[PDB]
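Below you'll find the structure, written out as C-alpha cells, and then a few comments.
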Amino acid sequence: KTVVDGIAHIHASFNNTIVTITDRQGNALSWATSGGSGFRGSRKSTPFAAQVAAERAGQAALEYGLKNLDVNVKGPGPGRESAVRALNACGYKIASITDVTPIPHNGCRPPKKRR
Amino acid sequence: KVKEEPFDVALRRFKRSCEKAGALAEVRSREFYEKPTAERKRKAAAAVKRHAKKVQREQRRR
Amino acid sequence: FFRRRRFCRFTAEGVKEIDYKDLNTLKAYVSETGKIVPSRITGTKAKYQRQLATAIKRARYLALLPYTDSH
Amino acid sequence: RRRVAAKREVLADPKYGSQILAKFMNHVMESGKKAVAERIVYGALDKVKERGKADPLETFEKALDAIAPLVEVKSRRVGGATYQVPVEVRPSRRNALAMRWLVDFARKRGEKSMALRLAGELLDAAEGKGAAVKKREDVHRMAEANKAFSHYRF
RNA sequence: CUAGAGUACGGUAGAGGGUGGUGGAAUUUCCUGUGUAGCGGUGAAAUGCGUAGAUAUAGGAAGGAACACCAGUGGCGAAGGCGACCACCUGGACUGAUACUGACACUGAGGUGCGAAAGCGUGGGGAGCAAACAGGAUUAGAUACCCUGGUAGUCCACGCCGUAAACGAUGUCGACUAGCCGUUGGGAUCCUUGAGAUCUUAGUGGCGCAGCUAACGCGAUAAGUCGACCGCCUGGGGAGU
Ligand SMILES: [Mg+2]
Ligand SMILES: [Mg+2]
Ligand SMILES: [Mg+2]
C-alpha cells in the first residue's frame, strides 16, 4: 500500500508521550508510545524517551512510503520539541510545524489544588 | 505556525514563535482552580512589584 | 516612540467614532495568532482602547476576523 | 573548599625503561613493600614474554585499553529523590580505573604461584574473556538504562 | 438677601439594574471509519480502564454551565456586588453656560428596607467540579494529607433565613492647613508642529514638612486644628453562654 505526504501527530502529557503517523484522511498508520519502549516510571517522562518512541514510529511508516511529513505538536509536557529533532533523523522531509493546543476561553472548572 | 532552508533555523523560529505568542504559561495555570481571592493576590502583589520597580530603577537612574 | 505615535493614530485625527468596517486599521492591532494586543505596546489612550475592543468583538462576530489558528 | 591540590610525580623504572609500569607498580605495593612487589610485577612480565613473542609492554598496553571504561554513573541526589547520572570519565582518571580493577581480580584468581595470577589477567584482556573486561562492559550497560537522567534533574 | 440646597439646558463616561435573544473555543456522553497493545496515575506504586478493540485519530449528533486575549493601584454601585455580543425598558453621578426658587439644611432612639456564601421549601434541569461516602497507598496507628471513583449541592424560577476577618479592623456631614511624582473624565488658557505647556475642579495611587501618637505609623482620601448629632467601652475566665 502506497501513501505519501502524511501527517505526524504528537501528544505530550506530563507523564507519557504518544506519536501517531497518519494521512490527510485521519487514519492510523503507525502509533508509538513512550511506555512501549520500556521505561515505565520516572524515566518515562524524560525528553530522551520521546526520541526513542519517535524514531520507532518512523520505521513502521516506511512500509507505505511517506516521504513528506506535517507535524502537529500538542501538549504541555517535556519532550515537546525534542520529538521533532528525532523525525528527520530517520530521513523525513518535514514541511511545516504547527501548534495545536486546546485552550478554553472559559471552559469547565479544573480540579482542586494539591497540598 | 512555522513553515520552511536548514532545519535548525526553523526549530528556533518555532521555539521562539510559540513563546512570543504564548499558550505555554496559560496551559500551566489550568491544572488547579484558584478561588477568586487567590486571583486577587496576583492582582495585588504584581501591582506592587511594578510601581516599586519604577522607583528602584530611579536609584540606578541617579 | 512607536508607542507614542500610535496614541496619535486616533487622537491626531478626527476619527473618534471608529467603525468595525475599516479592516485595514484593525489588522494593525491584532497579533499573528488572533488575540488582541495590550495598550502598553501600542500606547493608545485608554479612551480608545476600550472603544477599540468593541469593534474587534463585533467584526469577529460577522466572520471578518478569526479567533484562533484552528478555524 | 578552597582549591589547593597540586601535583606530585613518580616516574622511575631503570631496569626496563618505562613510565606506565612504575605507576602500576605503586598499585601493587602493600605497606611499603616495594622490593617485594617489584619482582612480582617483573615476575608476571617475563611469563608473558615466555608466553607471547611480542614485547610484553605492548600486551600490557593492550590490556589497559580493554579494561579502561568510557562512561560511568554518578549518584547525585536531588534532595528528595535518589538519581544516578552517567558521566563522561575524565581522560586522566581512566588509567587508574583499569589498573585498580586489574589487581583486585588477580587476588581472587585462586591459583598457586602468585605471579601466575597476574600473568593470566594480562593475557585475557588482550582478547576480552577476562573478569575485568566482563566487569568493564557490565557498567557500560548500566549507563543506557541511566541515560534518561543524562541532563534532566542531573 | 444669595454664598447652603434644589430645579430647568446642553454635553460626555461606565462589568449600575431587570427582561429576552445569539455566538465561538474547550470538556463529557453517543454514533461511525482507520488502527493495535497498553493507557492513566505517582516520592515510587496500587485500586481503576483495556483485544468483548482502550488511549490515539478523523466524521457526526445531543446537552450543560462558564465568558481567554483586551484587563490596568482601571471603572461603576449606598454596601453586599458587578466582565461574551445586540435589542429592550430603567436609576444616579460628572462638566459647561444660563435663568429661576430664596435657607427649603444637617443628623437620627425607636421604626422601615436592601442583606456574600453555606443552608431550607415546591417545581424544573444534571456538562464539569465535589462535602458525606467507597477502595488503593502511606502509616506503631491515619478517621487525614496524596490516588481512582462518587451523591446532596453549585445552575433556573418562586419563597425563606439574616449572620462573616460584612475590613480602610477607621459613623455620617462641614470648614482651614508646605510640597513632589503618577492615573481615570471634563473643561480651560496657550506659540503651534507637538511624544505640547500651565492652571482648575470630580475620583483613585506612591513619598513627604508641620503637627499628633505608648510606639508602629497616618499625614488635602488625617489618626492635624475645630464644630453638629448618634452608636458604643469599663480587669481575665465564667460568657455573647
Ligand atoms: Mg565548603
Ligand atoms: Mg468585603
Ligand atoms: Mg466592626
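Note on naming: chains are A, B, ... as they come in the C-alpha cells, residues start from 1 per chain, ligands start from 1 in the order shown.
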At a cut-off of 12 Å and counting only C-alpha atoms (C1' of nucleotides) and all ligand atoms, what residues surround ligand 1? Please answer as an mmCIF file with N, CA, C and O atoms, in the first residue's frame.
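Result file is part_24.cif:
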```cif
data_model
loop_
_atom_site.group_PDB
_atom_site.id
_atom_site.type_symbol
_atom_site.label_atom_id
_atom_site.label_comp_id
_atom_site.auth_asym_id
_atom_site.auth_seq_id
_atom_site.Cartn_x
_atom_site.Cartn_y
_atom_site.Cartn_z
ATOM 1 N N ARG D 1 35.798 24.824 50.700
ATOM 2 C CA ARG D 1 36.772 24.026 49.977
ATOM 3 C C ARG D 1 37.515 24.908 48.992
ATOM 4 O O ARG D 1 37.154 24.981 47.821
ATOM 5 N N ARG D 2 38.527 25.615 49.485
ATOM 6 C CA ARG D 2 39.422 26.335 48.594
ATOM 7 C C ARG D 2 40.244 25.328 47.811
ATOM 8 O O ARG D 2 40.678 24.312 48.356
ATOM 9 N N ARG D 3 40.429 25.584 46.522
ATOM 10 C CA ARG D 3 41.165 24.632 45.703
ATOM 11 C C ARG D 3 42.652 24.739 46.024
ATOM 12 O O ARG D 3 43.233 25.830 46.014
#
```
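Proximity to residue 27 in chain C at 12 Å, evaluated using only C-alpha atoms (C1' of nucleotides) and with sequence-adjacent residues fewer than 2 positions away removed, yields residues 20, 21, 22, 23, 24, 25, 29, 30, 31, 32, 33, 34, 35, 36, 37, 52, 55, 56, 59, 60, 64, 65 and 66 of chain C.
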Residues within 12 Å of range 82-96 of chain E, only C-alpha atoms (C1' of nucleotides), excluding chain neighbours under 4 positions, as a PyMOL selection string
(chain A and resi 105-106) or (chain C and resi 53-62) or (chain E and resi 9-24+66-68+70-71+75-78+185-188+201-203)
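The smallest atom-to-atom distance between ligand 2 and any of E:128, E:168, E:194, E:231, using only C-alpha atoms (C1' of nucleotides) and all ligand atoms, is found for E:168.
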Surroundings of ligand 3 up to 12 Å, based on only C-alpha atoms (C1' of nucleotides) and all ligand atoms, as a PDB file with N, CA and C atoms (P, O5', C5', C4', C3', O3' and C1' of nucleotides), in the first residue's frame:
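Below is the file part33.pdb, written as the result:
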```pdb
ATOM      1  P     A E 164     -21.779  37.849  63.194  1.00  0.00           P
ATOM      2  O5'   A E 164     -21.058  37.339  61.879  1.00  0.00           O
ATOM      3  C5'   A E 164     -20.252  38.212  61.117  1.00  0.00           C
ATOM      4  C4'   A E 164     -19.240  37.451  60.314  1.00  0.00           C
ATOM      5  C3'   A E 164     -18.133  38.280  59.716  1.00  0.00           C
ATOM      6  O3'   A E 164     -17.125  38.586  60.658  1.00  0.00           O
ATOM      7  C1'   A E 164     -18.984  36.815  58.085  1.00  0.00           C
ATOM      8  P     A E 165     -16.976  40.076  61.233  1.00  0.00           P
ATOM      9  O5'   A E 165     -15.520  40.501  60.774  1.00  0.00           O
ATOM     10  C5'   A E 165     -14.471  39.544  60.712  1.00  0.00           C
ATOM     11  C4'   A E 165     -13.541  39.830  59.565  1.00  0.00           C
ATOM     12  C3'   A E 165     -13.763  38.993  58.318  1.00  0.00           C
ATOM     13  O3'   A E 165     -13.400  39.775  57.189  1.00  0.00           O
ATOM     14  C1'   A E 165     -11.582  38.663  59.082  1.00  0.00           C
ATOM     15  P     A E 166     -14.411  39.943  55.963  1.00  0.00           P
ATOM     16  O5'   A E 166     -15.241  41.243  56.320  1.00  0.00           O
ATOM     17  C5'   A E 166     -16.484  41.149  56.987  1.00  0.00           C
ATOM     18  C4'   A E 166     -17.549  41.909  56.249  1.00  0.00           C
ATOM     19  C3'   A E 166     -17.950  43.243  56.833  1.00  0.00           C
ATOM     20  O3'   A E 166     -17.022  44.259  56.504  1.00  0.00           O
ATOM     21  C1'   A E 166     -19.872  42.032  56.159  1.00  0.00           C
ATOM     22  P     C E 167     -17.073  45.702  57.205  1.00  0.00           P
ATOM     23  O5'   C E 167     -15.624  46.283  56.948  1.00  0.00           O
ATOM     24  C5'   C E 167     -15.148  46.436  55.621  1.00  0.00           C
ATOM     25  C4'   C E 167     -13.652  46.576  55.585  1.00  0.00           C
ATOM     26  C3'   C E 167     -12.940  45.638  54.619  1.00  0.00           C
ATOM     27  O3'   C E 167     -11.785  46.286  54.100  1.00  0.00           O
ATOM     28  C1'   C E 167     -12.160  45.255  56.803  1.00  0.00           C
ATOM     29  P     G E 168     -11.869  47.183  52.769  1.00  0.00           P
ATOM     30  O5'   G E 168     -11.078  48.508  53.164  1.00  0.00           O
ATOM     31  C5'   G E 168      -9.657  48.559  53.090  1.00  0.00           C
ATOM     32  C4'   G E 168      -9.025  49.350  54.218  1.00  0.00           C
ATOM     33  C3'   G E 168      -9.355  48.891  55.639  1.00  0.00           C
ATOM     34  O3'   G E 168      -8.200  49.045  56.458  1.00  0.00           O
ATOM     35  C1'   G E 168      -9.870  51.165  55.416  1.00  0.00           C
ATOM     36  P     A E 169      -7.539  47.773  57.173  1.00  0.00           P
ATOM     37  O5'   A E 169      -8.664  47.263  58.170  1.00  0.00           O
ATOM     38  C5'   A E 169      -8.939  47.962  59.375  1.00  0.00           C
ATOM     39  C4'   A E 169     -10.215  47.481  60.011  1.00  0.00           C
ATOM     40  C3'   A E 169     -10.698  48.330  61.167  1.00  0.00           C
ATOM     41  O3'   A E 169     -12.120  48.246  61.271  1.00  0.00           O
ATOM     42  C1'   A E 169     -10.027  46.187  61.958  1.00  0.00           C
ATOM     43  P     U E 170     -13.085  49.247  60.451  1.00  0.00           P
ATOM     44  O5'   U E 170     -12.641  50.708  60.883  1.00  0.00           O
ATOM     45  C5'   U E 170     -13.351  51.386  61.907  1.00  0.00           C
ATOM     46  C4'   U E 170     -12.952  52.832  62.024  1.00  0.00           C
ATOM     47  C3'   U E 170     -13.547  53.783  60.986  1.00  0.00           C
ATOM     48  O3'   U E 170     -13.819  55.025  61.633  1.00  0.00           O
ATOM     49  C1'   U E 170     -11.211  53.950  60.949  1.00  0.00           C
ATOM     50  P     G E 171     -14.880  56.076  61.044  1.00  0.00           P
ATOM     51  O5'   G E 171     -16.102  55.205  60.518  1.00  0.00           O
ATOM     52  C5'   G E 171     -17.115  54.780  61.406  1.00  0.00           C
ATOM     53  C4'   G E 171     -18.493  55.225  60.988  1.00  0.00           C
ATOM     54  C3'   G E 171     -18.589  56.483  60.136  1.00  0.00           C
ATOM     55  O3'   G E 171     -18.435  56.212  58.752  1.00  0.00           O
ATOM     56  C1'   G E 171     -20.086  56.642  61.950  1.00  0.00           C
ATOM     57  P     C E 232     -25.762  51.881  72.055  1.00  0.00           P
ATOM     58  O5'   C E 232     -24.253  51.491  72.362  1.00  0.00           O
ATOM     59  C5'   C E 232     -23.692  50.285  71.870  1.00  0.00           C
ATOM     60  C4'   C E 232     -22.189  50.367  71.838  1.00  0.00           C
ATOM     61  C3'   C E 232     -21.485  50.270  73.175  1.00  0.00           C
ATOM     62  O3'   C E 232     -21.321  48.948  73.636  1.00  0.00           O
ATOM     63  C1'   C E 232     -20.635  52.108  71.980  1.00  0.00           C
TER      64        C E 232
END
```
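Of note, CA of residue 42 in chain C and CA of residue 40 in chain B are spaced 26.5 Å apart.
Using only C-alpha atoms (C1' of nucleotides), one finds that the residues of chain E close to chain B, at 10 Å or less, are residues 68, 72, 73, 129, 181, 182, 205 and 206 of chain E.
Scanning range 51-112 of chain D with DSSP on the backbone, the strand (DSSP E) assignments fall on residues 71, 72, 87 and 88 of chain D.
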Keeping N, CA, C and O atoms, export the residues of the selection given above as a CSV table (one decimal), in the first residue's frame.
```
chain,number,residue,atom,x,y,z
D,71,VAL,N,32.3,5.7,30.1
D,71,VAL,CA,31.3,6.5,30.8
D,71,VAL,C,30.9,5.6,32.1
D,71,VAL,O,31.0,4.4,32.1
D,72,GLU,N,30.4,6.3,33.1
D,72,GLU,CA,30.0,5.7,34.3
D,72,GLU,C,29.0,6.6,35.1
D,72,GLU,O,28.9,7.8,34.8
D,87,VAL,N,28.1,9.8,33.5
D,87,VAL,CA,29.0,10.9,33.3
D,87,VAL,C,30.2,10.5,32.5
D,87,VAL,O,30.6,9.3,32.5
D,88,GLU,N,30.8,11.4,31.7
D,88,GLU,CA,32.0,11.1,30.9
D,88,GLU,C,33.2,11.0,31.9
D,88,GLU,O,33.5,11.9,32.6
```
Can you pull out every residue within 12 Å of residue 158 in chain E, counting only C-alpha atoms (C1' of nucleotides), but drop anything in the same chain fewer than 3 positions away, and send it as a PDB file with N, CA and C atoms (P, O5', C5', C4', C3', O3' and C1' of nucleotides), in the first residue's frame?
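Saved file part23.pdb follows:
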```pdb
ATOM      1  P     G E 121     -35.768  21.052  52.747  1.00  0.00           P
ATOM      2  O5'   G E 121     -36.987  21.927  52.221  1.00  0.00           O
ATOM      3  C5'   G E 121     -38.141  22.099  53.025  1.00  0.00           C
ATOM      4  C4'   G E 121     -39.230  22.839  52.298  1.00  0.00           C
ATOM      5  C3'   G E 121     -39.579  22.337  50.912  1.00  0.00           C
ATOM      6  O3'   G E 121     -40.381  21.177  50.919  1.00  0.00           O
ATOM      7  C1'   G E 121     -39.425  24.682  50.879  1.00  0.00           C
ATOM      8  P     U E 122     -40.214  20.089  49.754  1.00  0.00           P
ATOM      9  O5'   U E 122     -40.934  20.750  48.501  1.00  0.00           O
ATOM     10  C5'   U E 122     -42.343  20.688  48.377  1.00  0.00           C
ATOM     11  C4'   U E 122     -42.842  21.451  47.179  1.00  0.00           C
ATOM     12  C3'   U E 122     -42.361  20.986  45.822  1.00  0.00           C
ATOM     13  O3'   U E 122     -42.965  19.802  45.346  1.00  0.00           O
ATOM     14  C1'   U E 122     -42.247  23.332  45.926  1.00  0.00           C
ATOM     15  P     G E 123     -42.095  18.780  44.460  1.00  0.00           P
ATOM     16  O5'   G E 123     -41.806  19.582  43.113  1.00  0.00           O
ATOM     17  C5'   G E 123     -42.844  19.781  42.171  1.00  0.00           C
ATOM     18  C4'   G E 123     -42.528  20.858  41.163  1.00  0.00           C
ATOM     19  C3'   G E 123     -41.558  20.510  40.060  1.00  0.00           C
ATOM     20  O3'   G E 123     -42.091  19.645  39.079  1.00  0.00           O
ATOM     21  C1'   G E 123     -41.113  22.682  40.828  1.00  0.00           C
ATOM     22  P     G E 124     -41.150  18.511  38.448  1.00  0.00           P
ATOM     23  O5'   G E 124     -39.802  19.284  38.124  1.00  0.00           O
ATOM     24  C5'   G E 124     -39.115  19.065  36.911  1.00  0.00           C
ATOM     25  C4'   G E 124     -38.816  20.360  36.206  1.00  0.00           C
ATOM     26  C3'   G E 124     -37.541  20.373  35.386  1.00  0.00           C
ATOM     27  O3'   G E 124     -37.692  19.771  34.115  1.00  0.00           O
ATOM     28  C1'   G E 124     -37.597  22.286  36.746  1.00  0.00           C
TER      29        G E 124
END
```
Write out as a tab-separated table a residue-level contact list of chain A versus chain C with cut-off 12 Å: for each qualifying residue the closest pair of atoms and the distance in Å to one decimal, counting only C-alpha atoms, rows sorted by chain and residue number upward.
```
residue	atom	partner	partner_atom	distance
A:72	CA	C:70	CA	11.6
A:98	CA	C:69	CA	9.5
A:99	CA	C:69	CA	8.9
A:100	CA	C:70	CA	7.5
A:101	CA	C:70	CA	9.1
A:102	CA	C:70	CA	9.7
A:103	CA	C:68	CA	10.0
A:104	CA	C:68	CA	11.4
A:105	CA	C:67	CA	10.7
```
Written selection (N, CA, C and O atoms) as a PDB file, in the first residue's frame:
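Output below, filename part02.pdb:
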```pdb
ATOM      1  N   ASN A  72       2.008  18.243  13.859  1.00  0.00           N
ATOM      2  CA  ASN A  72       1.163  18.937  14.820  1.00  0.00           C
ATOM      3  C   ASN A  72       1.628  18.569  16.218  1.00  0.00           C
ATOM      4  O   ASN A  72       1.579  17.397  16.601  1.00  0.00           O
ATOM      5  N   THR A  98       3.326  22.955  13.378  1.00  0.00           N
ATOM      6  CA  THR A  98       2.139  23.694  13.781  1.00  0.00           C
ATOM      7  C   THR A  98       1.747  23.343  15.205  1.00  0.00           C
ATOM      8  O   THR A  98       1.634  22.164  15.552  1.00  0.00           O
ATOM      9  N   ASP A  99       1.551  24.373  16.022  1.00  0.00           N
ATOM     10  CA  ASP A  99       0.986  24.220  17.356  1.00  0.00           C
ATOM     11  C   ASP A  99      -0.513  23.991  17.267  1.00  0.00           C
ATOM     12  O   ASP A  99      -1.232  24.776  16.644  1.00  0.00           O
ATOM     13  N   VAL A 100      -0.981  22.920  17.889  1.00  0.00           N
ATOM     14  CA  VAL A 100      -2.388  22.750  18.210  1.00  0.00           C
ATOM     15  C   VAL A 100      -2.501  22.585  19.717  1.00  0.00           C
ATOM     16  O   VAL A 100      -1.799  21.764  20.317  1.00  0.00           O
ATOM     17  N   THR A 101      -3.328  23.408  20.331  1.00  0.00           N
ATOM     18  CA  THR A 101      -3.384  23.426  21.782  1.00  0.00           C
ATOM     19  C   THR A 101      -4.804  23.729  22.231  1.00  0.00           C
ATOM     20  O   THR A 101      -5.357  24.777  21.872  1.00  0.00           O
ATOM     21  N   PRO A 102      -5.429  22.856  22.999  1.00  0.00           N
ATOM     22  CA  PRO A 102      -6.799  23.113  23.457  1.00  0.00           C
ATOM     23  C   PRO A 102      -6.827  24.127  24.591  1.00  0.00           C
ATOM     24  O   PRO A 102      -6.509  23.811  25.741  1.00  0.00           O
ATOM     25  N   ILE A 103      -7.228  25.351  24.270  1.00  0.00           N
ATOM     26  CA  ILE A 103      -7.314  26.399  25.280  1.00  0.00           C
ATOM     27  C   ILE A 103      -8.752  26.870  25.395  1.00  0.00           C
ATOM     28  O   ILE A 103      -9.285  27.497  24.469  1.00  0.00           O
ATOM     29  N   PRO A 104      -9.418  26.583  26.503  1.00  0.00           N
ATOM     30  CA  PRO A 104     -10.790  27.043  26.676  1.00  0.00           C
ATOM     31  C   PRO A 104     -10.809  28.525  26.974  1.00  0.00           C
ATOM     32  O   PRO A 104      -9.948  29.046  27.684  1.00  0.00           O
ATOM     33  N   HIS A 105     -11.785  29.214  26.392  1.00  0.00           N
ATOM     34  CA  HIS A 105     -11.953  30.629  26.691  1.00  0.00           C
ATOM     35  C   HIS A 105     -12.442  30.827  28.113  1.00  0.00           C
ATOM     36  O   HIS A 105     -11.911  31.660  28.852  1.00  0.00           O
TER      37      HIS A 105
END
```
What is the distance, in Å and to one decimal place, between CA of residue 20 in chain A and CA of residue 37 in chain A?
14.7 Å
What gap, in Å, lies between CA of residue 33 in chain A and CA of residue 143 in chain D?
22.2 Å
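Set the cut-off at 10 Å, count only C-alpha atoms, and the residues of chain B near chain C turn out to be residues 1, 17, 18, 21 and 22 of chain B.
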The selected residues should be written to file as an mmCIF file, in the first residue's frame (atoms: N, CA and C atoms).
```
data_model
loop_
_atom_site.group_PDB
_atom_site.id
_atom_site.type_symbol
_atom_site.label_atom_id
_atom_site.label_comp_id
_atom_site.auth_asym_id
_atom_site.auth_seq_id
_atom_site.Cartn_x
_atom_site.Cartn_y
_atom_site.Cartn_z
ATOM 1 N N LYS B 1 2.386 28.951 13.889
ATOM 2 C CA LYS B 1 2.649 28.231 12.649
ATOM 3 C C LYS B 1 3.983 28.638 12.044
ATOM 4 N N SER B 17 8.626 31.440 18.359
ATOM 5 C CA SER B 17 7.323 31.938 17.932
ATOM 6 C C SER B 17 6.201 31.401 18.801
ATOM 7 N N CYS B 18 6.388 30.225 19.392
ATOM 8 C CA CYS B 18 5.414 29.726 20.352
ATOM 9 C C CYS B 18 5.441 30.558 21.624
ATOM 10 N N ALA B 21 4.142 34.046 21.179
ATOM 11 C CA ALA B 21 2.690 34.071 21.126
ATOM 12 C C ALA B 21 2.080 33.800 22.491
ATOM 13 N N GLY B 22 2.603 32.803 23.207
ATOM 14 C CA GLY B 22 2.060 32.391 24.485
ATOM 15 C C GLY B 22 1.630 30.933 24.446
#
```
For chain D, report every residue with an atom at most 10 Å from chain E (counting only C-alpha atoms (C1' of nucleotides)), formatted as an mmCIF file with N, CA and C atoms, in the first residue's frame.
```cif
data_model
loop_
_atom_site.group_PDB
_atom_site.id
_atom_site.type_symbol
_atom_site.label_atom_id
_atom_site.label_comp_id
_atom_site.auth_asym_id
_atom_site.auth_seq_id
_atom_site.Cartn_x
_atom_site.Cartn_y
_atom_site.Cartn_z
ATOM 1 N N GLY D 80 15.582 14.565 47.713
ATOM 2 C CA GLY D 80 14.180 14.202 47.698
ATOM 3 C C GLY D 80 13.900 13.090 46.713
ATOM 4 N N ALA D 81 14.901 12.755 45.898
ATOM 5 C CA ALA D 81 14.837 11.600 45.012
ATOM 6 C C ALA D 81 16.259 11.182 44.684
ATOM 7 N N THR D 82 16.557 9.898 44.853
ATOM 8 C CA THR D 82 17.899 9.388 44.593
ATOM 9 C C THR D 82 18.044 9.077 43.108
#
```
Hey, what's within 6 Å of range 108-125 of chain D if we count only C-alpha atoms (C1' of nucleotides) and toss same-chain stuff fewer than 4 positions away? As a list in words, please?
residues 40, 43, 44, 63, 66, 129 and 130 of chain D
Prev. selection, N, CA and C atoms, output as a JSON list (two decimals), in the first residue's frame:
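And here's result.json as it stands now:
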```json
[["chain", "number", "residue", "atom", "x", "y", "z"],
["D", 40, "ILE", "N", 57.56, -9.16, 41.63],
["D", 40, "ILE", "CA", 56.35, -9.86, 41.22],
["D", 40, "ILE", "C", 55.81, -9.28, 39.93],
["D", 43, "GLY", "N", 57.97, -10.49, 37.70],
["D", 43, "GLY", "CA", 57.71, -11.92, 37.69],
["D", 43, "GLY", "C", 56.52, -12.30, 36.86],
["D", 44, "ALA", "N", 55.54, -11.41, 36.73],
["D", 44, "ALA", "CA", 54.43, -11.61, 35.82],
["D", 44, "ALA", "C", 54.65, -10.94, 34.48],
["D", 63, "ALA", "N", 46.16, -4.48, 27.23],
["D", 63, "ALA", "CA", 45.29, -4.94, 28.31],
["D", 63, "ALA", "C", 44.72, -3.80, 29.14],
["D", 66, "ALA", "N", 41.34, -2.40, 27.18],
["D", 66, "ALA", "CA", 40.14, -3.22, 27.16],
["D", 66, "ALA", "C", 39.59, -3.43, 28.56],
["D", 129, "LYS", "N", 38.13, -12.04, 27.35],
["D", 129, "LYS", "CA", 37.47, -13.01, 28.21],
["D", 129, "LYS", "C", 37.85, -12.87, 29.68],
["D", 130, "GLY", "N", 38.49, -11.77, 30.06],
["D", 130, "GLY", "CA", 38.84, -11.57, 31.45],
["D", 130, "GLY", "C", 37.66, -11.10, 32.28]]
```
Excluding range 18-33 of chain D and its own-chain neighbours fewer than 4 positions away, which residues fall within 12 Å of it when counting only C-alpha atoms (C1' of nucleotides)? Please give them as a ChimeraX atom specification.
/D:9-14,37-42,44-45,56-58,60-61,64,95-104,106-107,115,118
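Non-sequential neighbours of residue 93 in chain A (distance at most 7 Å, separation of 3 or more positions within a chain, only C-alpha atoms (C1' of nucleotides)) are residues 67, 68, 69 and 88 of chain A.
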Please write the residues from the selection above to a file, keeping N, CA and C atoms, as a PDB file, in the first residue's frame.
```pdb
ATOM      1  N   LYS A  67       7.205  10.135   2.232  1.00  0.00           N
ATOM      2  CA  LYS A  67       8.417  10.932   2.157  1.00  0.00           C
ATOM      3  C   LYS A  67       8.222  12.367   2.634  1.00  0.00           C
ATOM      4  N   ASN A  68       7.011  12.749   3.028  1.00  0.00           N
ATOM      5  CA  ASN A  68       6.727  14.116   3.444  1.00  0.00           C
ATOM      6  C   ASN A  68       5.864  14.085   4.693  1.00  0.00           C
ATOM      7  N   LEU A  69       6.225  14.883   5.690  1.00  0.00           N
ATOM      8  CA  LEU A  69       5.517  14.889   6.961  1.00  0.00           C
ATOM      9  C   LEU A  69       5.056  16.289   7.316  1.00  0.00           C
ATOM     10  N   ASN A  88      13.284  13.871  11.322  1.00  0.00           N
ATOM     11  CA  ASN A  88      14.123  13.861  10.132  1.00  0.00           C
ATOM     12  C   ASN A  88      15.455  13.154  10.343  1.00  0.00           C
TER      13      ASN A  88
END
```
Please, which residues of chain B, numbered as in this document, come out helix (DSSP H, G or I) from DSSP, as a VMD selection string?
chain B and resid 7 to 21 25 to 28 36 to 51 53 to 60
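The interface of chain A with chain D at 8 Å, considering only C-alpha atoms, consists of residues 43, 46, 47, 48 and 49 of chain A.
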Give me a file of those residues, with N, CA, C and O atoms, as a short mmCIF file (atom, residue, chain, number, x, y, z; two decimals), in the first residue's frame.
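Full text of selection-v4.cif as output:
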```cif
data_model
loop_
_atom_site.label_atom_id
_atom_site.label_comp_id
_atom_site.auth_asym_id
_atom_site.auth_seq_id
_atom_site.Cartn_x
_atom_site.Cartn_y
_atom_site.Cartn_z
N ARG A 43 11.60 7.53 34.53
CA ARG A 43 12.30 7.58 33.26
C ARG A 43 11.34 7.76 32.10
O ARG A 43 11.77 8.14 31.00
N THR A 46 10.83 11.57 30.58
CA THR A 46 12.01 12.29 30.14
C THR A 46 11.91 12.62 28.66
O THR A 46 11.28 11.89 27.90
N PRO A 47 12.52 13.72 28.21
CA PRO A 47 12.55 14.01 26.78
C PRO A 47 13.48 13.11 25.99
O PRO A 47 13.47 13.20 24.75
N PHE A 48 14.29 12.29 26.64
CA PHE A 48 15.04 11.28 25.91
C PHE A 48 14.11 10.18 25.41
O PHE A 48 14.25 9.72 24.27
N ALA A 49 13.16 9.76 26.24
CA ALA A 49 12.24 8.70 25.84
C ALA A 49 11.26 9.16 24.78
O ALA A 49 10.61 8.32 24.15
#
```
Interface residues on chain A facing chain B, 9 Å, only C-alpha atoms, written as a VMD selection string
chain A and resid 75 to 76 81 84 to 85 88 94 to 99 101 to 103 109 to 114
